[PDB]
Every structure is written in structure tokens, then in C-alpha cells.
Amino acid sequence: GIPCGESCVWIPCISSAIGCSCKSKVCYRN
């Protein structure tokens with residue numbers, strides 16, 4: 001439930017490695 005940084009507009013969630021996933025068009029985790 002916390003924004004990681006990358007935006008699922010043009011940037012893939014590299015942070016997905018640490019559990020980040022696209023949410024509300026932005027990569028979120030916890």
C-alpha cells in the first residue's frame with residue numbers, strides 16, 4: 001500500500017522484485 005516509484009504508464013515496475021506491483025497506474029507495495 002505504498003508507492004514504490006515507477007509509473008505503469010511507460011516504466012515497468014523494476015521494484016516488482018521487492019513485491020511492487022501496478023496499482024492505480026503506479027507501482028505499489030504494501
# chains A, B, ... in the order shown; residues from 1 in each chain; ligands from 1

$ select_by_dssp --residues "chain A" --states "helix (DSSP H, G or I)" --output "tab-separated table (two decimals) with N, CA, C and O atoms, in the first residue's frame"
chain	number	residue	atom	x	y	z
A	14	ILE	N	10.35	-2.23	-11.82
A	14	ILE	CA	11.56	-2.99	-11.54
A	14	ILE	C	11.47	-3.43	-10.08
A	14	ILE	O	11.91	-4.52	-9.68
A	15	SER	N	10.82	-2.56	-9.31
A	15	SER	CA	10.57	-2.77	-7.91
A	15	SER	C	9.71	-4.00	-7.67
A	15	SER	O	9.51	-4.43	-6.53
A	16	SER	N	9.21	-4.60	-8.74
A	16	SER	CA	8.41	-5.82	-8.61
A	16	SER	C	9.24	-6.89	-7.92
A	16	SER	O	8.71	-7.77	-7.25
A	17	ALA	N	10.57	-6.77	-8.07
A	17	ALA	CA	11.49	-7.69	-7.43
A	17	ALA	C	11.32	-7.68	-5.91
A	17	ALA	O	11.51	-8.69	-5.25
A	18	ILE	N	10.93	-6.52	-5.38
A	18	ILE	CA	10.71	-6.39	-3.95
A	18	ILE	C	9.22	-6.37	-3.61
A	18	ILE	O	8.81	-5.81	-2.58

$ select_by_dssp --residues "chain A" --states "strand (DSSP E or B)" --output "number ranges by chain"
A: 2-7, 21-23, 26-29

$ write_last_selection --atoms "N, CA, C and O atoms" --output "PDB file, in the first residue's frame"
ATOM      1  N   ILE A   2       2.071   1.151  -0.488  1.00  0.00           N
ATOM      2  CA  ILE A   2       2.982   2.284  -0.543  1.00  0.00           C
ATOM      3  C   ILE A   2       3.586   2.399  -1.938  1.00  0.00           C
ATOM      4  O   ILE A   2       4.057   1.405  -2.495  1.00  0.00           O
ATOM      5  N   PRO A   3       3.571   3.606  -2.531  1.00  0.00           N
ATOM      6  CA  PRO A   3       4.123   3.832  -3.868  1.00  0.00           C
ATOM      7  C   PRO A   3       5.629   3.594  -3.902  1.00  0.00           C
ATOM      8  O   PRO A   3       6.375   4.148  -3.098  1.00  0.00           O
ATOM      9  N   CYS A   4       6.062   2.750  -4.825  1.00  0.00           N
ATOM     10  CA  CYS A   4       7.473   2.423  -4.954  1.00  0.00           C
ATOM     11  C   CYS A   4       8.217   3.502  -5.737  1.00  0.00           C
ATOM     12  O   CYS A   4       9.265   3.979  -5.297  1.00  0.00           O
ATOM     13  N   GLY A   5       7.671   3.907  -6.880  1.00  0.00           N
ATOM     14  CA  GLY A   5       8.316   4.948  -7.656  1.00  0.00           C
ATOM     15  C   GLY A   5       7.937   4.943  -9.122  1.00  0.00           C
ATOM     16  O   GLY A   5       7.523   5.969  -9.664  1.00  0.00           O
ATOM     17  N   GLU A   6       8.102   3.802  -9.768  1.00  0.00           N
ATOM     18  CA  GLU A   6       7.804   3.680 -11.191  1.00  0.00           C
ATOM     19  C   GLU A   6       6.314   3.816 -11.477  1.00  0.00           C
ATOM     20  O   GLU A   6       5.466   3.410 -10.676  1.00  0.00           O
ATOM     21  N   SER A   7       6.005   4.374 -12.636  1.00  0.00           N
ATOM     22  CA  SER A   7       4.633   4.545 -13.061  1.00  0.00           C
ATOM     23  C   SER A   7       4.343   3.603 -14.223  1.00  0.00           C
ATOM     24  O   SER A   7       5.078   3.585 -15.225  1.00  0.00           O
ATOM     25  N   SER A  21       3.936  -3.865  -7.320  1.00  0.00           N
ATOM     26  CA  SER A  21       3.045  -4.245  -8.399  1.00  0.00           C
ATOM     27  C   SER A  21       2.132  -3.085  -8.782  1.00  0.00           C
ATOM     28  O   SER A  21       1.760  -2.275  -7.928  1.00  0.00           O
ATOM     29  N   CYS A  22       1.801  -2.999 -10.066  1.00  0.00           N
ATOM     30  CA  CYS A  22       0.953  -1.931 -10.585  1.00  0.00           C
ATOM     31  C   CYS A  22      -0.366  -1.817  -9.828  1.00  0.00           C
ATOM     32  O   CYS A  22      -1.123  -2.785  -9.716  1.00  0.00           O
ATOM     33  N   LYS A  23      -0.622  -0.618  -9.330  1.00  0.00           N
ATOM     34  CA  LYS A  23      -1.834  -0.299  -8.592  1.00  0.00           C
ATOM     35  C   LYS A  23      -2.134   1.177  -8.787  1.00  0.00           C
ATOM     36  O   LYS A  23      -1.288   2.026  -8.518  1.00  0.00           O
ATOM     37  N   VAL A  26       0.277   3.141 -10.784  1.00  0.00           N
ATOM     38  CA  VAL A  26       1.605   3.332 -10.207  1.00  0.00           C
ATOM     39  C   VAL A  26       2.058   2.065  -9.480  1.00  0.00           C
ATOM     40  O   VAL A  26       1.240   1.344  -8.920  1.00  0.00           O
ATOM     41  N   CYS A  27       3.353   1.787  -9.493  1.00  0.00           N
ATOM     42  CA  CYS A  27       3.874   0.604  -8.823  1.00  0.00           C
ATOM     43  C   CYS A  27       3.769   0.778  -7.307  1.00  0.00           C
ATOM     44  O   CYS A  27       4.371   1.690  -6.736  1.00  0.00           O
ATOM     45  N   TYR A  28       2.994  -0.087  -6.663  1.00  0.00           N
ATOM     46  CA  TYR A  28       2.800  -0.021  -5.217  1.00  0.00           C
ATOM     47  C   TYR A  28       3.194  -1.324  -4.548  1.00  0.00           C
ATOM     48  O   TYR A  28       3.110  -2.401  -5.140  1.00  0.00           O
ATOM     49  N   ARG A  29       3.591  -1.208  -3.299  1.00  0.00           N
ATOM     50  CA  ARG A  29       3.983  -2.349  -2.488  1.00  0.00           C
ATOM     51  C   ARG A  29       3.576  -2.075  -1.049  1.00  0.00           C
ATOM     52  O   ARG A  29       3.932  -1.041  -0.492  1.00  0.00           O
TER      53      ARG A  29
END
